[PDB]
Structures are given as structure tokens and as C-alpha cells.
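Count the sequence shown with the authors' numbering and you get residues 14 to 78, 83 to 134, 137 to 1229, in order.
Ideal Cβ positions, reconstructed from N, Cα and C, are used throughout, including at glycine.
Below is one structure; the comments refer to it alone.
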Amino acid sequence: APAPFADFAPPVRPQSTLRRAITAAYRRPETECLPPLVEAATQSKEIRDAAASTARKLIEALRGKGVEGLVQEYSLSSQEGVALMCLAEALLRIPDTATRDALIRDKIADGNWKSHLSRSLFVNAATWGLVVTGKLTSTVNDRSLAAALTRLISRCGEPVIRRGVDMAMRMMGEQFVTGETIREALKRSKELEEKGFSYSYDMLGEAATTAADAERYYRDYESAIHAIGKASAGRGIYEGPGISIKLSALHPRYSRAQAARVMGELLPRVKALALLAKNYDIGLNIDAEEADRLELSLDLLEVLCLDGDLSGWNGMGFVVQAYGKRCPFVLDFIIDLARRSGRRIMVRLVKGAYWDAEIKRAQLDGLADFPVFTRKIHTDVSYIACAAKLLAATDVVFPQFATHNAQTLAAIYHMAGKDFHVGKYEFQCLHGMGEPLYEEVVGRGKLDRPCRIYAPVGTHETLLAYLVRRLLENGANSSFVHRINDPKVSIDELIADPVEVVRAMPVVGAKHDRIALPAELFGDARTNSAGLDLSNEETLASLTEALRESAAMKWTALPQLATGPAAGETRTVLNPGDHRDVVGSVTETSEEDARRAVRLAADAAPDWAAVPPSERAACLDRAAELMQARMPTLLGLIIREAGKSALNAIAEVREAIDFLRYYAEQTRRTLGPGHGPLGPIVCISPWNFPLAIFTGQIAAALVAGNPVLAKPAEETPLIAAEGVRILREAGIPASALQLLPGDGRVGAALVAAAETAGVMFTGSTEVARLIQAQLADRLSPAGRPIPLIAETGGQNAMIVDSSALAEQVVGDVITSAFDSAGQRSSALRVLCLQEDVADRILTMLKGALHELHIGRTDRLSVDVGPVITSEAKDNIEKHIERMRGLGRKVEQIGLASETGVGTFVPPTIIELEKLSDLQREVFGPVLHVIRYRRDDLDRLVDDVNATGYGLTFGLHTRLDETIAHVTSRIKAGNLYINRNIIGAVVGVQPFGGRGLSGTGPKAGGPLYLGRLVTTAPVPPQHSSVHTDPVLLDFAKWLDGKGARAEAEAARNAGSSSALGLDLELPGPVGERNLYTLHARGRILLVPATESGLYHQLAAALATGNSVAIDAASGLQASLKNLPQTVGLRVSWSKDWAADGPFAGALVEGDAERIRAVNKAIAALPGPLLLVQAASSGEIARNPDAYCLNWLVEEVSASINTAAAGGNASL
Ligand SMILES: Cc1cc2c(cc1C)N(C[C@H](O)[C@H](O)[C@H](O)COP(=O)(O)OP(=O)(O)OC[C@H]1O[C@@H](n3cnc4c(N)ncnc43)[C@H](O)[C@@H]1O)c1[nH]c(=O)[nH]c(=O)c1N2
Ligand SMILES: NC(=O)c1ccc[n+]([C@@H]2O[C@H](COP(=O)([O-])OP(=O)(O)OC[C@H]3O[C@@H](n4cnc5c(N)ncnc54)[C@H](O)[C@@H]3O)[C@@H](O)[C@H]2O)c1
Ligand SMILES: O=C(O)[C@@H]1CCC=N1
Ligand code: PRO
Ligand SMILES: [Mg+2]
């Protein structure tokens, strides 16, 4: 039985001094990086003057010599230009040239273009919008574009369509690519090869999602090498053409986590392509991609350069990105490698293409700093400093200076001096964009320096997958190509020397002022939790030791009563991935000691309530600091006790830290002397987020002034015990927080105890219903229901239309459905695929499924761990077999035999016919797939809502009309657009749903603390200027009936309601996170008096709800002659169970009436109802007898605004 963590993440090879220096610079502060770059990039005054002169001459040439022309000729608006190009694109998808021309002449030009063209004409409008306008919009206003296309055709007819088609054909066949196939691209290269250029061809493959895709990219590269080599005809690697490849195209799991697979499976494929390039003697360049693939790619480069089968050939090339903080250390490593191997490595120096994405990734991951510079001028200095390094080593490497910036060019041209020969170094540029500049460089009559054109090769479909990334660059306010076209920009500004500008700044190397470090994402509110970089070798080495150490500890969990540990029954705690791995020991709580603990908490409550809220929050902040410091050890316990992967365990500890700091800040913002605690609160938590959810409930209750009885899930008591220990170390007194391990019997004894003033439950809907029933028996000393927060299961869907990008969808589906083996309340359960793209996406999804590694989670390479118990396994596998027994297609990955020592379920895809085939939440790694026709979208949303759950929901579409439609009709608490659906970042995506998924309020949001005090505070930003209009009509009706006091109360409720609140929450770049208050639905009213009914109706209507009024009240005569607007919202119910589901209830009566009604409500089928009760006299005395916070519904929506391939705002 293998030792825990003994193979966690061993590096591919022992790290040399040169490799360790690369790693040390990964996230070095920007003020530390620049000074040595400024020193390295310094040149003489004479050189600087000469370079400015050269740059000035180049830039004057460029300024003194397409779509814009079309737009001008026909006076097109921007939307008209974009729609015309979308139309042209579609028409070109028609292959038969004369067939197309006829469709245009006889059908399109005579209007009704909708009539003739299961896929929006405008799916790529974001890209064409960049071409026409220079600005990137994440989503497509398809109704605007359809109106514009109708308008321009009705105005200008076939001629404008003809010009649109020809324009599109030219840009897509000749400007964005050198050719559609390698043979065509080579034909078109002859002309500029004559003029002294050379070429490197890029076959536009990247991001293989399946083994099939990788093998297809491999054979594309192989066939291109043959065509290029045959065309090269012996010209060699400097004069003749080469090829560029992306390693991500050649393997579907190209990542540090899968390093062993990369070296075993990807390396041989690159070697075979390199052997072919060697035979023809052409270049083969490895392109640079994301920052977390840099160091892994060095391991491939090293093996290849030391492989004797490749000796005698100097065509191997490697890209280095000067916007990266590691660039100079990467170059030292490469130059040394070229010395040891004897290979003259071709080094392409670029600035870097993924800047937007790197900023967002570091912010999302809570890392210490960015792996790239944040000021564009720093990249320019880095570039020039690294060019100086390369030019001093031309004996050993072949520098290739890829840039379109004339200032950069001129600086390097003069840096290189007067001695030149072909083969010493070259410049490089991108096809289409750089020929203007470099035609001022190449040739004996210019600067007589060679330039290699990077030449994309691909069909229209292929080009558009990543044409945005390639444009977005030349289009930002900071880009040279953009600035030289701006007339407001002078030549003097363009020939400005970045080295000298940086040197003379006050602070050399300061971070950009408008980009937040990950720790500062929330500004003064609170400190963001910090993560761990699992691509950093130093981090992996350190984490390996801490994880090993955490596994030698003798973890225990005991009943920790206010007076001290209690004895009880003791059993071991086993690793769910391997029951031979004993993780610890738990002593469970007796039912008598459970009851004892509640009495002890009651007696302690005044002492804890009297601790000022700000000192209570200081305890939470201290606890957050201790967990941050203990994160590596906590990680190791979560991995082995709960079966979680390291990545998921990091995110869990972050969430615990975030809960603690968020509820501390909310407390400091809100709580004062009049917000009295409820009293002892019982917190019952689930196994599957055994630290974060556990901590959030307890931290909220404590900071609100309540002593807590913490009852963790029976499966995961050890991490709960550690969280309690940390909370007590931080200053929470033993009497304020008692730990009671055990099963549901401990939970139920706690709920039933008379001094229990409130319950916070997270778990299954079934168990929540049992707790609701127990509590219907009970009232508070004041005669009011015991507050219950119950956050329960989900049946979460994602809808995907034909505009979505399949590779993005598959990544988000694999993550959402099979991360944590699907053991997240938010996990994706039903994937809904538009019929037109269903087969393609499903094929890709099954391919990606078979790349997942299932096993014990103490290895970094494991993607999917075990399920928590053999009972959970049996329940999940029974579901799979029923489905398989109804004829449903079932796809499963094969499990390795090593899984036999634990409880594993293989990730599973099930193809359903209708959504009605699923009855209950299946809490496991099981994805169901259904298909829909686009016209039935609205019915599909109904089917999703019809399950009665309402937790998470995803939508993948580029089309605004679809977004508006679906998000206005779906009923769920957490929405996600063009991303995964498992985001629950505290204070950013406040988490929690409706219906069968919860009562609210949401955890990690601003209404949560108010449920745990007797008088609710006003949350930050909690108000609305909007007044419900049916409420206003009802207040007027009351005035007409003579109920003047109730009329005024109604108008007051109208004003106090926060319905219509609509906020954007601060978060990472490249995302919009929105928070809104909606109506809950239909509220059950159980009045006793006429005035009580009017107050209840006012509260419900003020918050946007409809109502069902208890007919047994006998108060029908009190609502004669209602305005139709109000009557539409009102119904009367004899049989409550028949008229649901309800979303809440308002009750009037004395204590025995409230208790009776409460039992009746708890017996209603379906969701748990948040009930509010008041006596007639309380309604008279207290205008907040019915609190409006609990009559609205919170909705969180997280939109990935980077999904179109770039970040506009950045
Ligand atoms: C032949 C060839 C081959 C390649 C590439 C280019 C060329 C010409 N690229 C793309 C390259 O990284 C770069 O994005 C473009 O060439 C534009 O940079 P220029 O120097 O031409 O212009 P320019 O001087 O305008 O520099 C713009 C660049 O500055 C950087 N930048 C912008 N804002 C910034 C900020 N706030 N802070 C820091 N830096 C900022 C970015 O790197 C951006 O591309 C690349 N890229 C890649 O990553 N891998 C590869 O393999 C290649 N391959
Ligand atoms: N909505 C959310 O925020 C959220 C988050 C995590 C998990 N969940 C849900 O939790 C479920 C999985 O967790 P679980 O298996 O640990 O849940 P569960 O319902 O099995 O058990 C949850 C807790 O209730 C206790 N319990 C069991 N019976 C009880 C009873 N009769 N009286 C009082 N307490 C009792 C258990 O000891 C445990 O602490 C899933 O349905 C999941 O969707 C929801
Ligand atoms: O594909 C890209 O964006 C960059 C430019 C050429 C190679 N890599
Ligand atoms: O992916 C694309 O379309 C761009 C075009 C040049 C290289 N990459
Ligand atoms: Mg259970």
C-alpha cells in the first residue's frame, strides 16, 4: 500500500541551477524585474540618436503608403458593415460559385434573407466587429445585426452584397491566411521570397481536446513538413521555409499536472516531426503559449536537443516571450543548452500573445503576482534587454526578432552593429500585417536585413477560431500597429525610447495603477485569500513535504463541550480512495451530551453576545490568518479524508478563508447593539465541502453573537475538528463553539433541544425536510418559528446553442460535471445540446472523458477522485444501471484495478430522451445529455424549471437575444454565461438557490447575517428606487375603501422593499458578476384579521410576489372590487397542497395558531417554505412584523466576458 504523497508531483528531471533561476523569477515583483533589464538594454547616446533616426524614416515610409472603403462607398453604419460581412461569410460557406451567385441574385437580394440562411448568420460577429470597428464585444446583438442587414439590402440590393462577398473572400483567403492549404500558401510565397523574404508556416492547430484531435493535428503537421521540405528543395534553414507548431495541438493533456504523459506520449510525436524536418533540412519552431506551459516545454526542448538521432540539424527553434518575467533566465538556459548540445537553437523573441488571459488567471487563482509585466513599456524594455543578450551569443544561437514595432526594430538593428551575414540573425513578421514595414527593411537598397513571414494556413472555419487573439493585439490603444494609424499620435511619440522613459520614472517598474494584484481584488473591504501555483516547481517541492508531514499526524475529532472533551464511541476514519490508509480517529457524541451541550451554550450566550461585534469579527479575521498559514497541512487532510484533488482542496481552504473575512467585514459594516442574537444555533454541515461550508455557517452564527453547536458530517469529522481548533486558537471561547461529531442522530438531538434558537443546515433536501418537520413542533419563547436556513440539492442544467464554441463547452462541461467526482451541489447534471451541434459536441465530450485520470488523489496527476462511501457508490451505480436498463446509451471510462481498495465510480455520460427521465439529484460523476430543436428552447427552459430545483444553471451562447430570453425565464439562484457552473466565490457569486434547492438567504452574500439576529440590520448597498406597481394599485384601493392607515403602511412597504436592486460585485477582470433581487413567487398568506390580511398583502406585493390566501380565514369579503392588476396577483386557496408550490408564507395569529399553521405548512409537498409569523398585536405595533428581506429572491449571475477570445476593457 503506497505511502501517502510519496509520488505527489516529482519533477521531470532534477532542476539545474539555471532551471531553478527560471522558477525563482516566475512571479517576482515588477519593481525587482526592471532595473537589470534597464541596465542590459542601455545603449550609447550615439546609438540612440541613430536608432531614432532610423525609426523615424521607417515610420514616415509606413504613413506615406479595405473594409473601410466598402463602408464609405455605401455609407454603412458599423452594424451594417458587420452584418454584411457575416452575410458574406455565410454565402462563401456555399461551395458552388454559380450556385451562390444565383441565390444572391434571385433570393437574397429580393429581401427575405432569413428565409434562406439552424445557425445564426452572426455567430462570428464579434470577430467581424473587430475588423469593422476595432472594438471587441463579447456577445453579439443579433437582433440589431438582423435589422441592419435587412436595412442595407433593402437600400442597396445585389451590388452591396457582391462587394461584401468579394471583400470577405479576399480577407479570408488572402489576408488572414497565406492560403487555405499548404500547397496554395507555398504557391503564394514565391513572390516575396524573390524579394528576399522567407516563410514559416503555421497550420493553425491548437488546444487538442481529444486523442483524435491530436492525431489529426499531427498528420496535418507531417503533411505540411513534406510539402514545405519538397518546396524548400535544399535551400536550408536560413534561406528556406520552415514550420511552426504548438505543443498543445499534439496532446490533449499538455500540462504540468500530466507531465509524465507529456514526456511519454507527446515527446515522441515531436521527435518524429523533427526527424522529418531534419531530413528536408527545414526549420521547426515550437511556439510559446500560456505561462504555465513555459517550463514544461523546456523539458521537451532539452530532451530533443540532446537526442543523437537529431544531430547534424540546426533547424530546431523555440519561442521566448519578453512580456514574461522569466524571459532572461529562460534565455540563459537555452543559450547554455545550445552550448552543451552543440545545436544552434533558433530563438524567436516575441513580446507575447496571451496577456489578457494571464492577468485574469492570476487574479482567479489568488497568486502572489503576475507572470507577465503589467505596463506595456516594461515588455518593450524586456524585449530590448533580451535582444542584447541574444546578440552577444550569435555564435551559439540564431536570434529571430519577431516584431512590428519600428522603434524596437531600429533599436536592435543598431545594437547588432555593422557586421552582418545571412545566418547571423533575422527579423520576423506576421503575414498581412508586417510586409509594409519590412519592405522598408529587406533588400540591398533598404537596410539589407532578412525577414521571415509567419504564414497562417487554414480554411475559413480554422482561421476564425483564434483570429481575435491575433487582431486584439493590433487594436489596443497601446499597440504600435494601432498607434501608427492614429493621427493624434506623432512620430516623436512613436520613436520614444522606452528604456529611457522607464529609467526616469519615480518608481522604476511600478505595477500598472489600474490592475489589481490578486490579493487586492476587493480593495479596502477585505484581503483576498491566496492560492498556490501547482505549476511552480518550488511550490510543488514544498507542498510535497508538507503533505507527507500532514499524513504522519494522528488527527482526531472529539466531542468538545464547553467543559472539556467528552468520552464516547471511537472509530477510525478511512481514506475513501484507499481504505488501508487510516487518516485518523473520531469519538462520536452521545445524545445525552448533545443535549448537555445546548444547555451549556444557552448558559454561555450572554457572555458571548456581550463581546462587541468588532471583537467578534477580529476573531474571524485571526482565524482566517491561521488557516492561510496552515493551508498546506489542511490541504493534505482534505485530500485524504474527503477524497479531493489538490486543486479542489486549495479552492476549499480559500473559500473558508473568504467566508471568515467576508462575514467579519459584513459584521463591521452592519451590526450594532440593537441587533440581538437569536441564541444557541445548531450548524449541521455536509461531507463534501467539509471545511468551507462548515466554517461559513459557524463563522456567520458566531459573529452575529450566537453560541454555536457544530455538528459536522459523519464522514469528515477530522477537518471539522481542526477548523474548530483554529477558531478557538483565534479567540472564540470554548463555550461559544462546541464540536459534536456524530451521525444524524446527533444532528436531530441538537435540533430538538428546547434552547436551540436557530438551525443552519446544508445537506440533502430529504434530510432538510425531516428537520423542517421537527421544527414545526417548536416555537421560540416569544411565540415565533425557529429560524431555519436550509441549503439543499440541485438538478443543474447547461444549455448550449449552435453559436457556442465546442472546445470551450467541453472544457466547462468536463469541469462542471466530473470535478470532485460530481460531488458538488452545483455540479452539472443535465447538458442540453441544440440538435444541429449535438453529435459533434458529444463526440468531443466522450473523447475528453477518456483523457481523465481516476484514482487516489494524493497524486497531482489525478483528475477525479473517489466517491465518499460505498453507500454513495451503490446508490450512484444503481441509477446508472436503471438508465442502462431502459436502453439509454451509457459511456464510462475504465477504472484501473488500483481503485479496488477504495470507493470509485467512473465518470459517466448518459444520453436521455427527455428531462422527465430524471427524478432526483444523483450526487456523483454522472452527466445526462439531452438534445433540443432551437424552436423548442422556451419549452426546454420550462422543463428545467419543472424539476422544482433551482441552484445553478449555465448558458453557452454568443447571441444576446438568446441570453435575454433564457436568463429571463430560468428560475435559479446562480447563473453562469460562457463559463463553468461551479463558481461560488464568496462575495462575488453569493451562492444558493430556490425551490427544492434552498430557503435562502445565500451564503457568502449580504443578507446572510441578518437571518441570525432578532432584528435585521440594513445590508450594505441594500435598497431600490423601484416601487412595485401592483403594490401602488393596492395602496390606492385601500385608500378608496377607507383603510387609510393600511394604505400608508402599503406605501411604506413599497419604499422599503429592495425589489429591483441590481448590483455589480467587484471581482476579477474578464468577468462581470451581478447580484439582483427578484420576487420569490407565490406567497401563502394565512391571515386572521382584515388588517392583518392587508399588511400581509402589502408586504408580498411590495416585493413583487403573487399570493394564495387561506380561504378558511373567512376574509373574502375584505377584498371586494380589487383592481384587475391586483386581482391578477391574488387567488384564494381551500387546499394549500394543491395550489403550490409556494415560495414563502406569512401567518397571523396567537402562538397556538402559529404552531398549528406551521405544522400544516411543513406538511405541504415540495420545497421548504420560509415562514414568517406575527400576532395581530405585533402587526399593529411593528411595521416590520413581516420582514421584506425574506420576501425577495437573490440571483447571482457570472458572465465570462473574455469568452470571445479577448478582454475589451484591458
Ligand atoms: C513571427 C511572429 C511569431 C509570433 C508572434 C509574433 C510574430 C511577429 N507572437 C505574437 C507577439 O507575441 C506579439 O503579440 C505581436 O507580435 C505584437 O507585438 P509587436 O512587438 O509587434 O507590437 P507592440 O510593440 O505594439 O507590442 C504589443 C505587445 O505588448 C505587450 N503588452 C500590451 N499591453 C501590455 C501591458 N499592459 N503590460 C505588458 N505587456 C503588454 C503584449 O505582448 C502585446 O502583444 C507570438 N506570441 C506568443 O505568445 N507566442 C508565439 O509563439 C508567438 N509567435
Ligand atoms: N445548496 C448548497 O449550498 C449545498 C452545498 C453542499 C452540499 N449540498 C447538498 O448536500 C448533499 C450532500 O451532503 P451530505 O450527503 O453530507 O448530506 P446529508 O443530507 O446526507 O447529510 C447532511 C448533514 O445532516 C446530518 N443529518 C442526517 N440526517 C439527519 C437528521 N435526521 N437530522 C438532523 N441532521 C441529520 C448529517 O449528519 C450531516 O451532517 C447533497 O444533496 C448536496 O447537494 C448543498
Ligand atoms: O498564435 C498566436 O497568437 C501567436 C502568433 C504566432 C504564433 N503564436
Ligand atoms: O489563429 C489565428 O487566426 C492567428 C492568425 C495569425 C496566427 N494566429
Ligand atoms: Mg448522508
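- Query: Looking only at its own chain, which residues have a Cβ that is under 8 angstroms from the Cβ of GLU1065, when we skip the five neighbours before and after it?
  - Reply: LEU1057, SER1110, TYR1113, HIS1114 and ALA1117
- Task: Note down the Cα distance separating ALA1222 from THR44, rounded to an integer number of angstroms.
- Result: 32 angstroms
- Item | Integer-rounded CB distance, given that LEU164 should sit under 8 angstroms from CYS103 | 7 angstroms
- Message: Is it buried or exposed, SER1150, if we count other Cβ atoms within 10 angstroms and call 16 or more buried?
- Response: exposed
- Name the residue from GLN1191, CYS175 and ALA126 whose alpha carbon lies nearest to the alpha carbon of residue 3. Absent from the model: residue 3. The displayed extent of the chain is 14 to 1229, so no value can be given.
- Proximity winner among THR116, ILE35 and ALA1227, relative to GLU1090 (alpha-carbon distances): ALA1227
- Message: For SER217, list the residues DSSP reports as bridge partners.
- Response: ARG471
- Could you check the C-alpha separation between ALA729 and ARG659 for me, to the nearest Å? 22 angstroms
- Which residues bound the alpha helix (DSSP H) around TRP374? 374–383
- Message: To test your reading of the DSSP string, which unbroken beta strand (DSSP E) runs of 3 or more residues are found completely within the region 392–435?
- Response: 416–421
- Item | Bridge partner(s) assigned by DSSP for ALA816 | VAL849 and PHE972
- In or out: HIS270 buried (at least 16 other Cβ within 10 Å) or exposed? buried
- Whose C-alpha, out of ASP1169, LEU656 and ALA1069, is nearest the C-alpha of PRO1106? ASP1169
- Determine which residues share a DSSP beta bridge with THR781 and list them. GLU810
- So is the beta-carbon of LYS344 under 7 angstroms away from any non-hydrogen atom of ligand 1? no
- Can you tell me which of the three DSSP states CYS702 falls into? strand
- Task: Write down the C-beta distance between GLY992 and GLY969 rounded to the nearest angstrom, noting that I regard them as a contact closer than 8 angstroms.
- Result: 6 angstroms
- Throw me the rounded Cβ distance for the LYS408 and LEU350 pair, which I believe falls under 8 angstroms. 5 angstroms
- Query: Under three-state DSSP, which class holds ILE912?
  - Reply: coil
- Within 10 angstroms of its Cβ, does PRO390 collect 16 or more other Cβ (buried), or is it exposed? buried
- Separation of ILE790 from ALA231, as counted between CA atoms: 51 angstroms
- Option in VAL829, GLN579, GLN56 and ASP118 with minimal Cα separation from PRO736: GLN579
- Query: Hey, quick one: how far does the alpha helix (DSSP H) through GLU870 stretch, first residue to last?
  - Reply: Taken as a continuous stretch (DSSP letters only), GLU870 belongs to no alpha helix (DSSP H), as it is neither H nor E.
- Query: To which residues of the same chain is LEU482 closer than 6 angstroms at the C-beta, ignoring the five residues directly before and after it?
  - Reply: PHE195 and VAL196
- Task: Kindly indicate which three-state DSSP category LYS70 falls into: helix, strand or coil?
- Result: helix
- Message: Looking only at its chain, what residues have a beta carbon closer than 6 angstroms to the beta carbon of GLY715, apart from the 5 residues adjacent to it on each side?
- Response: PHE678 and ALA1022
- Task: Please say whether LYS892 and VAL886 have beta carbons closer to each other than 8 angstroms?
- Result: yes
- Message: Report the start-end ranges of each alpha helix (DSSP H) in the region 276–357 that is 4 residues or longer and not cut off at the edges.
- Response: 286–299 and 313–325
- Item | Span separating the alpha-carbon of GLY528 from that of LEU223 | 35 angstroms
- Can you tell me the Cα-Cα spacing of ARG122 and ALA166, whole angstroms? 20 angstroms
- Tell me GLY1017's beta-bridge partners as DSSP assigns them. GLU810
- Item | Residue span of the alpha helix (DSSP H) that contains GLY766, given as start and end | 763–771
- Query: Rounded to a whole number of angstroms, what is the C-alpha to C-alpha distance between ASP532 and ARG635?
  - Reply: 34 angstroms
- Would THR582 be called buried (16 or more neighbouring beta carbons within 10 Å of its own) or exposed? exposed
- Query: Relative to ligand 4, is the shortest distance from any of its heavy atoms to the C-beta of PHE195 smaller than 7 angstroms?
  - Reply: yes
- Item | Spatial distance of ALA372 from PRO699 (CA atoms) | 56 angstroms
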